[PDB]
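First the structure, in the form of structure tokens, and then the observations on it.
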Amino acid sequence: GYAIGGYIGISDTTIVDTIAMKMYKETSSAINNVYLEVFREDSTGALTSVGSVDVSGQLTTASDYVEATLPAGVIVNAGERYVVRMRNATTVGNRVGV
Amino acid sequence: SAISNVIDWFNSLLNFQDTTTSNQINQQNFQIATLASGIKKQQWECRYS
Amino acid sequence: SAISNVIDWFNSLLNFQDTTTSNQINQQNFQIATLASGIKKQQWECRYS
Amino acid sequence: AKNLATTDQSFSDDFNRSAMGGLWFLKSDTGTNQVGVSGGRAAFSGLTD
């Protein structure tokens, strides 16, 4: 139930296809409902969701990169800001270490 | 028929003329826009773009 | 009058010809210069440009 | 890339857009008005001398 995210700058405009974060799981118990999502920051500073993906299946106990493909491409432009949020709304209760 | 052919050729030349002028204007504007925009500094390097 | 009009049209076509050639040369040279120049590494990333 | 053949830069501008833009450093003795593009041509902005 605790979500953490950071702002990402855009250097050159392109089409995004995947997002990555460095995280792992503390215990070896089964986990689910771990989501990585992307938010665009508007002019007013509000965050709008433009994509999300479940990454709980491919997580590993060892600290390793997690790369997940978005459902569809999200065009980005230089000058705007984006946030990659990890949600971790799991049901079993195993914590996530980022 | 000779005058009709001259009419057709002049119309074709006018079409080519306007297309070339429009293409030149569009190309130069594309150059200027690409030069104006482009790479911007990321968020961690600076606050400003 | 017909020959005078032909003279005027030929002069206009020559003007368009030279302007288009000059514009083509300028556009190509500008693109080549922009490709040659551009982003350079900052002072902290490396010593050389 | 210590040494490299310096390509002779060339630039062009048709002045065929909405505003002068960031590609031109503007300085005037008027105080507020600068070179303004209108009708696809650069010109003087304002009625000041």
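By order of appearance in the structure tokens: chains A, B, ..., then residues from 1 within every chain, and ligands from 1 in the order shown.
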
Produce the least-squares-superposed copy of chain B, fitted on chain C over all in-order C-alpha pairs, as a PDB file with N, CA, C and O atoms, in the first residue's frame.
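Okay, this is what ended up in superposed26.pdb:
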```pdb
ATOM      1  N   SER B   1       3.917  43.221 -79.109  1.00  0.00           N
ATOM      2  CA  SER B   1       3.531  42.961 -77.727  1.00  0.00           C
ATOM      3  C   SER B   1       3.740  41.500 -77.350  1.00  0.00           C
ATOM      4  O   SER B   1       4.110  41.198 -76.211  1.00  0.00           O
ATOM      5  N   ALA B   2       3.486  40.580 -78.280  1.00  0.00           N
ATOM      6  CA  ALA B   2       3.676  39.163 -77.981  1.00  0.00           C
ATOM      7  C   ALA B   2       5.136  38.864 -77.662  1.00  0.00           C
ATOM      8  O   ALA B   2       5.444  38.170 -76.683  1.00  0.00           O
ATOM      9  N   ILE B   3       6.053  39.398 -78.470  1.00  0.00           N
ATOM     10  CA  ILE B   3       7.472  39.169 -78.223  1.00  0.00           C
ATOM     11  C   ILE B   3       7.910  39.858 -76.937  1.00  0.00           C
ATOM     12  O   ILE B   3       8.745  39.332 -76.194  1.00  0.00           O
ATOM     13  N   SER B   4       7.360  41.042 -76.652  1.00  0.00           N
ATOM     14  CA  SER B   4       7.690  41.708 -75.394  1.00  0.00           C
ATOM     15  C   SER B   4       7.234  40.880 -74.196  1.00  0.00           C
ATOM     16  O   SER B   4       7.959  40.760 -73.198  1.00  0.00           O
ATOM     17  N   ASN B   5       6.035  40.303 -74.279  1.00  0.00           N
ATOM     18  CA  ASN B   5       5.541  39.449 -73.205  1.00  0.00           C
ATOM     19  C   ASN B   5       6.411  38.210 -73.048  1.00  0.00           C
ATOM     20  O   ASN B   5       6.672  37.762 -71.925  1.00  0.00           O
ATOM     21  N   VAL B   6       6.860  37.634 -74.165  1.00  0.00           N
ATOM     22  CA  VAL B   6       7.760  36.486 -74.093  1.00  0.00           C
ATOM     23  C   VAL B   6       9.068  36.878 -73.417  1.00  0.00           C
ATOM     24  O   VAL B   6       9.615  36.123 -72.605  1.00  0.00           O
ATOM     25  N   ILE B   7       9.588  38.065 -73.740  1.00  0.00           N
ATOM     26  CA  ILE B   7      10.804  38.558 -73.094  1.00  0.00           C
ATOM     27  C   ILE B   7      10.598  38.664 -71.589  1.00  0.00           C
ATOM     28  O   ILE B   7      11.438  38.223 -70.792  1.00  0.00           O
ATOM     29  N   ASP B   8       9.475  39.256 -71.179  1.00  0.00           N
ATOM     30  CA  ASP B   8       9.206  39.425 -69.754  1.00  0.00           C
ATOM     31  C   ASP B   8       9.086  38.079 -69.049  1.00  0.00           C
ATOM     32  O   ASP B   8       9.632  37.889 -67.955  1.00  0.00           O
ATOM     33  N   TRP B   9       8.380  37.130 -69.666  1.00  0.00           N
ATOM     34  CA  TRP B   9       8.223  35.816 -69.053  1.00  0.00           C
ATOM     35  C   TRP B   9       9.554  35.088 -68.951  1.00  0.00           C
ATOM     36  O   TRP B   9       9.822  34.412 -67.951  1.00  0.00           O
ATOM     37  N   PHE B  10      10.401  35.201 -69.978  1.00  0.00           N
ATOM     38  CA  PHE B  10      11.707  34.557 -69.917  1.00  0.00           C
ATOM     39  C   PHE B  10      12.577  35.174 -68.831  1.00  0.00           C
ATOM     40  O   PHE B  10      13.306  34.460 -68.133  1.00  0.00           O
ATOM     41  N   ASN B  11      12.520  36.499 -68.674  1.00  0.00           N
ATOM     42  CA  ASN B  11      13.264  37.133 -67.591  1.00  0.00           C
ATOM     43  C   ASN B  11      12.761  36.659 -66.231  1.00  0.00           C
ATOM     44  O   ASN B  11      13.559  36.396 -65.320  1.00  0.00           O
ATOM     45  N   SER B  12      11.440  36.539 -66.078  1.00  0.00           N
ATOM     46  CA  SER B  12      10.888  36.032 -64.826  1.00  0.00           C
ATOM     47  C   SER B  12      11.345  34.602 -64.560  1.00  0.00           C
ATOM     48  O   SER B  12      11.685  34.248 -63.423  1.00  0.00           O
ATOM     49  N   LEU B  13      11.361  33.767 -65.601  1.00  0.00           N
ATOM     50  CA  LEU B  13      11.807  32.390 -65.433  1.00  0.00           C
ATOM     51  C   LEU B  13      13.282  32.329 -65.057  1.00  0.00           C
ATOM     52  O   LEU B  13      13.681  31.497 -64.240  1.00  0.00           O
ATOM     53  N   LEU B  14      14.109  33.193 -65.652  1.00  0.00           N
ATOM     54  CA  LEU B  14      15.522  33.228 -65.282  1.00  0.00           C
ATOM     55  C   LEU B  14      15.705  33.660 -63.833  1.00  0.00           C
ATOM     56  O   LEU B  14      16.551  33.114 -63.112  1.00  0.00           O
ATOM     57  N   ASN B  15      14.927  34.652 -63.393  1.00  0.00           N
ATOM     58  CA  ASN B  15      14.993  35.074 -61.997  1.00  0.00           C
ATOM     59  C   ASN B  15      14.619  33.928 -61.068  1.00  0.00           C
ATOM     60  O   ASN B  15      15.308  33.664 -60.072  1.00  0.00           O
ATOM     61  N   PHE B  16      13.537  33.216 -61.396  1.00  0.00           N
ATOM     62  CA  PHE B  16      13.140  32.063 -60.596  1.00  0.00           C
ATOM     63  C   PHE B  16      14.225  30.993 -60.596  1.00  0.00           C
ATOM     64  O   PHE B  16      14.496  30.375 -59.562  1.00  0.00           O
ATOM     65  N   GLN B  17      14.850  30.764 -61.752  1.00  0.00           N
ATOM     66  CA  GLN B  17      15.903  29.762 -61.860  1.00  0.00           C
ATOM     67  C   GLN B  17      17.067  30.079 -60.931  1.00  0.00           C
ATOM     68  O   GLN B  17      17.520  29.220 -60.161  1.00  0.00           O
ATOM     69  N   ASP B  18      17.569  31.315 -60.992  1.00  0.00           N
ATOM     70  CA  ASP B  18      18.715  31.661 -60.158  1.00  0.00           C
ATOM     71  C   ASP B  18      18.346  31.646 -58.680  1.00  0.00           C
ATOM     72  O   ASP B  18      19.136  31.187 -57.844  1.00  0.00           O
ATOM     73  N   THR B  19      17.146  32.127 -58.332  1.00  0.00           N
ATOM     74  CA  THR B  19      16.731  32.092 -56.934  1.00  0.00           C
ATOM     75  C   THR B  19      16.639  30.660 -56.423  1.00  0.00           C
ATOM     76  O   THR B  19      17.075  30.364 -55.307  1.00  0.00           O
ATOM     77  N   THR B  20      16.080  29.755 -57.231  1.00  0.00           N
ATOM     78  CA  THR B  20      15.952  28.367 -56.805  1.00  0.00           C
ATOM     79  C   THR B  20      17.314  27.704 -56.653  1.00  0.00           C
ATOM     80  O   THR B  20      17.537  26.953 -55.698  1.00  0.00           O
ATOM     81  N   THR B  21      18.237  27.961 -57.583  1.00  0.00           N
ATOM     82  CA  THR B  21      19.569  27.378 -57.458  1.00  0.00           C
ATOM     83  C   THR B  21      20.277  27.887 -56.207  1.00  0.00           C
ATOM     84  O   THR B  21      20.883  27.102 -55.461  1.00  0.00           O
ATOM     85  N   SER B  22      20.203  29.196 -55.955  1.00  0.00           N
ATOM     86  CA  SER B  22      20.829  29.750 -54.760  1.00  0.00           C
ATOM     87  C   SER B  22      20.200  29.178 -53.497  1.00  0.00           C
ATOM     88  O   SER B  22      20.907  28.855 -52.534  1.00  0.00           O
ATOM     89  N   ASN B  23      18.873  29.042 -53.483  1.00  0.00           N
ATOM     90  CA  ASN B  23      18.199  28.484 -52.318  1.00  0.00           C
ATOM     91  C   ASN B  23      18.600  27.034 -52.088  1.00  0.00           C
ATOM     92  O   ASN B  23      18.797  26.614 -50.945  1.00  0.00           O
ATOM     93  N   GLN B  24      18.724  26.250 -53.162  1.00  0.00           N
ATOM     94  CA  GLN B  24      19.146  24.861 -53.016  1.00  0.00           C
ATOM     95  C   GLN B  24      20.548  24.773 -52.434  1.00  0.00           C
ATOM     96  O   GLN B  24      20.808  23.984 -51.513  1.00  0.00           O
ATOM     97  N   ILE B  25      21.470  25.585 -52.957  1.00  0.00           N
ATOM     98  CA  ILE B  25      22.842  25.562 -52.456  1.00  0.00           C
ATOM     99  C   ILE B  25      22.873  25.963 -50.986  1.00  0.00           C
ATOM    100  O   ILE B  25      23.522  25.311 -50.157  1.00  0.00           O
ATOM    101  N   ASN B  26      22.153  27.034 -50.642  1.00  0.00           N
ATOM    102  CA  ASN B  26      22.135  27.502 -49.261  1.00  0.00           C
ATOM    103  C   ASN B  26      21.525  26.462 -48.332  1.00  0.00           C
ATOM    104  O   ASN B  26      22.026  26.246 -47.224  1.00  0.00           O
ATOM    105  N   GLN B  27      20.447  25.807 -48.764  1.00  0.00           N
ATOM    106  CA  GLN B  27      19.802  24.804 -47.927  1.00  0.00           C
ATOM    107  C   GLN B  27      20.722  23.619 -47.679  1.00  0.00           C
ATOM    108  O   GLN B  27      20.850  23.150 -46.543  1.00  0.00           O
ATOM    109  N   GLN B  28      21.374  23.118 -48.732  1.00  0.00           N
ATOM    110  CA  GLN B  28      22.275  21.983 -48.549  1.00  0.00           C
ATOM    111  C   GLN B  28      23.447  22.351 -47.649  1.00  0.00           C
ATOM    112  O   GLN B  28      23.850  21.561 -46.781  1.00  0.00           O
ATOM    113  N   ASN B  29      24.004  23.551 -47.831  1.00  0.00           N
ATOM    114  CA  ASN B  29      25.098  23.984 -46.970  1.00  0.00           C
ATOM    115  C   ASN B  29      24.636  24.134 -45.525  1.00  0.00           C
ATOM    116  O   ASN B  29      25.386  23.819 -44.594  1.00  0.00           O
ATOM    117  N   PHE B  30      23.405  24.609 -45.319  1.00  0.00           N
ATOM    118  CA  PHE B  30      22.851  24.691 -43.972  1.00  0.00           C
ATOM    119  C   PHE B  30      22.727  23.310 -43.345  1.00  0.00           C
ATOM    120  O   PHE B  30      23.063  23.120 -42.170  1.00  0.00           O
ATOM    121  N   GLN B  31      22.237  22.336 -44.118  1.00  0.00           N
ATOM    122  CA  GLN B  31      22.157  20.964 -43.625  1.00  0.00           C
ATOM    123  C   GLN B  31      23.525  20.475 -43.174  1.00  0.00           C
ATOM    124  O   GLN B  31      23.676  19.932 -42.074  1.00  0.00           O
ATOM    125  N   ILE B  32      24.533  20.660 -44.028  1.00  0.00           N
ATOM    126  CA  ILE B  32      25.860  20.137 -43.723  1.00  0.00           C
ATOM    127  C   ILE B  32      26.448  20.834 -42.505  1.00  0.00           C
ATOM    128  O   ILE B  32      27.065  20.194 -41.646  1.00  0.00           O
ATOM    129  N   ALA B  33      26.272  22.153 -42.406  1.00  0.00           N
ATOM    130  CA  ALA B  33      26.805  22.882 -41.260  1.00  0.00           C
ATOM    131  C   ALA B  33      26.138  22.441 -39.963  1.00  0.00           C
ATOM    132  O   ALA B  33      26.809  22.266 -38.937  1.00  0.00           O
ATOM    133  N   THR B  34      24.814  22.266 -39.986  1.00  0.00           N
ATOM    134  CA  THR B  34      24.112  21.819 -38.788  1.00  0.00           C
ATOM    135  C   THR B  34      24.548  20.416 -38.391  1.00  0.00           C
ATOM    136  O   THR B  34      24.706  20.121 -37.200  1.00  0.00           O
ATOM    137  N   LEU B  35      24.749  19.535 -39.373  1.00  0.00           N
ATOM    138  CA  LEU B  35      25.232  18.193 -39.062  1.00  0.00           C
ATOM    139  C   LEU B  35      26.643  18.229 -38.490  1.00  0.00           C
ATOM    140  O   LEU B  35      26.963  17.478 -37.561  1.00  0.00           O
ATOM    141  N   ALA B  36      27.503  19.094 -39.033  1.00  0.00           N
ATOM    142  CA  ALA B  36      28.886  19.165 -38.572  1.00  0.00           C
ATOM    143  C   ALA B  36      28.965  19.687 -37.145  1.00  0.00           C
ATOM    144  O   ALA B  36      29.654  19.105 -36.299  1.00  0.00           O
ATOM    145  N   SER B  37      28.271  20.781 -36.858  1.00  0.00           N
ATOM    146  CA  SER B  37      28.283  21.355 -35.523  1.00  0.00           C
ATOM    147  C   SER B  37      27.142  20.756 -34.702  1.00  0.00           C
ATOM    148  O   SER B  37      26.514  19.771 -35.097  1.00  0.00           O
ATOM    149  N   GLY B  38      26.873  21.339 -33.539  1.00  0.00           N
ATOM    150  CA  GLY B  38      25.771  20.880 -32.718  1.00  0.00           C
ATOM    151  C   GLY B  38      26.125  20.696 -31.258  1.00  0.00           C
ATOM    152  O   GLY B  38      26.785  21.547 -30.655  1.00  0.00           O
ATOM    153  N   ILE B  39      25.686  19.579 -30.677  1.00  0.00           N
ATOM    154  CA  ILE B  39      25.917  19.327 -29.262  1.00  0.00           C
ATOM    155  C   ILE B  39      27.389  19.025 -29.023  1.00  0.00           C
ATOM    156  O   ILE B  39      28.039  18.332 -29.819  1.00  0.00           O
ATOM    157  N   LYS B  40      27.931  19.572 -27.940  1.00  0.00           N
ATOM    158  CA  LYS B  40      29.297  19.308 -27.521  1.00  0.00           C
ATOM    159  C   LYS B  40      29.302  18.942 -26.045  1.00  0.00           C
ATOM    160  O   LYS B  40      28.418  19.348 -25.287  1.00  0.00           O
ATOM    161  N   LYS B  41      30.300  18.160 -25.646  1.00  0.00           N
ATOM    162  CA  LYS B  41      30.395  17.728 -24.260  1.00  0.00           C
ATOM    163  C   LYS B  41      30.739  18.900 -23.352  1.00  0.00           C
ATOM    164  O   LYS B  41      31.542  19.768 -23.704  1.00  0.00           O
ATOM    165  N   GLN B  42      30.123  18.921 -22.173  1.00  0.00           N
ATOM    166  CA  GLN B  42      30.362  19.991 -21.221  1.00  0.00           C
ATOM    167  C   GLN B  42      31.738  19.839 -20.577  1.00  0.00           C
ATOM    168  O   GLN B  42      32.464  18.868 -20.808  1.00  0.00           O
ATOM    169  N   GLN B  43      32.096  20.826 -19.755  1.00  0.00           N
ATOM    170  CA  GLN B  43      33.438  20.866 -19.184  1.00  0.00           C
ATOM    171  C   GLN B  43      33.659  19.742 -18.179  1.00  0.00           C
ATOM    172  O   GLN B  43      34.752  19.167 -18.116  1.00  0.00           O
ATOM    173  N   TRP B  44      32.643  19.416 -17.378  1.00  0.00           N
ATOM    174  CA  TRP B  44      32.832  18.395 -16.353  1.00  0.00           C
ATOM    175  C   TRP B  44      32.868  16.992 -16.943  1.00  0.00           C
ATOM    176  O   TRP B  44      33.547  16.113 -16.403  1.00  0.00           O
ATOM    177  N   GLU B  45      32.142  16.756 -18.039  1.00  0.00           N
ATOM    178  CA  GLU B  45      32.183  15.442 -18.669  1.00  0.00           C
ATOM    179  C   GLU B  45      33.557  15.150 -19.257  1.00  0.00           C
ATOM    180  O   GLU B  45      34.060  14.026 -19.145  1.00  0.00           O
ATOM    181  N   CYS B  46      34.180  16.144 -19.885  1.00  0.00           N
ATOM    182  CA  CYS B  46      35.480  15.951 -20.508  1.00  0.00           C
ATOM    183  C   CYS B  46      36.215  17.276 -20.617  1.00  0.00           C
ATOM    184  O   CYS B  46      35.611  18.350 -20.602  1.00  0.00           O
ATOM    185  N   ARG B  47      37.539  17.174 -20.743  1.00  0.00           N
ATOM    186  CA  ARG B  47      38.345  18.345 -21.064  1.00  0.00           C
ATOM    187  C   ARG B  47      38.079  18.813 -22.488  1.00  0.00           C
ATOM    188  O   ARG B  47      37.856  20.004 -22.733  1.00  0.00           O
ATOM    189  N   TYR B  48      38.097  17.886 -23.440  1.00  0.00           N
ATOM    190  CA  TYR B  48      37.937  18.227 -24.842  1.00  0.00           C
ATOM    191  C   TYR B  48      36.467  18.459 -25.176  1.00  0.00           C
ATOM    192  O   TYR B  48      35.561  17.985 -24.485  1.00  0.00           O
ATOM    193  N   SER B  49      36.240  19.209 -26.256  1.00  0.00           N
ATOM    194  CA  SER B  49      34.876  19.560 -26.643  1.00  0.00           C
ATOM    195  C   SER B  49      34.066  18.325 -27.016  1.00  0.00           C
ATOM    196  O   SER B  49      32.904  18.194 -26.614  1.00  0.00           O
TER     197      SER B  49
END
```

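Applying a distance limit of 12 Å to only C-alpha atoms, the residues of chain A near chain B read residues 6, 7, 8, 9, 10, 11, 12, 13, 14, 77, 78, 79, 80, 81, 82 and 83 of chain A.
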
Return as JSON lines the residues of chain D lying at most 6 Å from chain C, together with the closest atom-to-atom pair for each and the distance in Å to one decimal, counting only C-alpha atoms, with rows in chain order and ascending residue number.
```
{"residue": "D:9", "atom": "CA", "partner": "C:33", "partner_atom": "CA", "distance": 4.7}
{"residue": "D:10", "atom": "CA", "partner": "C:30", "partner_atom": "CA", "distance": 5.0}
{"residue": "D:11", "atom": "CA", "partner": "C:30", "partner_atom": "CA", "distance": 5.1}
```

May I have all residues of chain D that DSSP, computed from the backbone, assigns to strand (DSSP E or B), given as an NGL selection string? :D and (35-38 or 41-44)

Residue subset to file, keeping N, CA, C and O atoms, as a CSV table (one decimal), in the first residue's frame:
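Now in out-v4.csv:
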```
chain,number,residue,atom,x,y,z
D,35,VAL,N,13.2,44.0,-33.7
D,35,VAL,CA,12.9,43.6,-35.1
D,35,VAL,C,11.8,42.5,-35.1
D,35,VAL,O,11.9,41.5,-34.4
D,36,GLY,N,10.7,42.8,-35.8
D,36,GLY,CA,9.6,42.0,-35.9
D,36,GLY,C,9.3,41.5,-37.3
D,36,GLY,O,9.5,42.2,-38.2
D,37,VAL,N,8.9,40.2,-37.4
D,37,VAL,CA,8.6,39.6,-38.7
D,37,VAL,C,7.1,39.8,-38.9
D,37,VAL,O,6.3,39.4,-38.1
D,38,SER,N,6.8,40.3,-40.1
D,38,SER,CA,5.4,40.5,-40.5
D,38,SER,C,5.3,40.2,-42.0
D,38,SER,O,6.2,40.6,-42.8
D,41,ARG,N,8.4,38.9,-43.7
D,41,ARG,CA,9.6,39.7,-43.9
D,41,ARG,C,9.9,40.4,-42.6
D,41,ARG,O,9.0,40.8,-41.8
D,42,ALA,N,11.2,40.5,-42.3
D,42,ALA,CA,11.6,41.2,-41.1
D,42,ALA,C,11.5,42.7,-41.3
D,42,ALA,O,11.7,43.2,-42.4
D,43,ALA,N,11.1,43.5,-40.2
D,43,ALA,CA,10.9,44.9,-40.3
D,43,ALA,C,10.9,45.5,-39.0
D,43,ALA,O,11.2,44.8,-38.0
D,44,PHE,N,10.8,46.8,-38.9
D,44,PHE,CA,10.8,47.6,-37.7
D,44,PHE,C,9.4,47.5,-37.0
D,44,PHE,O,8.4,47.7,-37.7
```

Work out how far apart CA of residue 45 in chain A and CA of residue 3 in chain A are and give it in Å to one decimal. 18.5 Å

DSSP helix (DSSP H, G or I) residues within chain B, listed as JSON, numbers by chain: {"B": [2, 3, 4, 5, 6, 7, 8, 9, 10, 11, 12, 13, 14, 15, 16, 17, 18, 19, 20, 21, 22, 23, 24, 25, 26, 27, 28, 29, 30, 31, 32, 33, 34, 35, 36]}

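Coordinates place CA of residue 34 in chain A at a distance of 6.1 Å from CA of residue 87 in chain A.
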
Surrounding residues of residue 29 in chain A excluding itself and chain neighbours under 5 positions, 12 Å, only C-alpha atoms, as a compact mmCIF listing (two decimals) with N, CA, C and O atoms, in the first residue's frame:
```
# COMPACT_ATOMS: atom_id res chain seq x y z
N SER A 56 5.16 -8.09 -10.70
CA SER A 56 5.35 -9.01 -9.58
C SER A 56 5.81 -10.38 -10.05
O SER A 56 6.51 -11.09 -9.32
N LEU A 59 9.78 -10.55 -10.60
CA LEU A 59 10.64 -10.09 -9.52
C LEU A 59 11.49 -11.23 -8.99
O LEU A 59 11.12 -12.41 -9.07
N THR A 60 12.65 -10.88 -8.45
CA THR A 60 13.59 -11.85 -7.89
C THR A 60 14.06 -11.37 -6.53
O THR A 60 14.09 -10.17 -6.25
N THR A 61 14.42 -12.33 -5.67
CA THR A 61 14.88 -11.99 -4.33
C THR A 61 16.16 -11.17 -4.37
O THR A 61 16.33 -10.22 -3.60
N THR A 90 0.24 -5.36 -2.75
CA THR A 90 0.15 -6.81 -2.69
C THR A 90 -0.87 -7.27 -1.64
O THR A 90 -1.31 -6.51 -0.78
N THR A 91 -1.23 -8.54 -1.74
CA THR A 91 -2.18 -9.18 -0.84
C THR A 91 -1.53 -10.09 0.18
O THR A 91 -1.97 -10.14 1.33
N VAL A 92 -0.49 -10.83 -0.21
CA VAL A 92 0.19 -11.73 0.72
C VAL A 92 0.83 -10.94 1.86
O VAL A 92 0.71 -11.30 3.03
N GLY A 93 1.50 -9.84 1.52
CA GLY A 93 2.10 -8.97 2.52
C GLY A 93 3.61 -8.87 2.47
O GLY A 93 4.19 -8.18 3.32
N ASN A 94 4.29 -9.53 1.54
CA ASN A 94 5.74 -9.44 1.46
C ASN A 94 6.15 -8.04 1.01
O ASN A 94 5.60 -7.50 0.05
N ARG A 95 7.12 -7.46 1.71
CA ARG A 95 7.56 -6.11 1.41
C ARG A 95 8.43 -6.09 0.16
O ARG A 95 8.91 -7.13 -0.32
N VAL A 96 8.64 -4.89 -0.38
CA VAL A 96 9.42 -4.69 -1.59
C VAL A 96 10.55 -3.72 -1.28
O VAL A 96 10.32 -2.65 -0.70
```

Correct to one decimal, the distance CA of residue 8 in chain D-CA of residue 23 in chain D is 18.9 Å
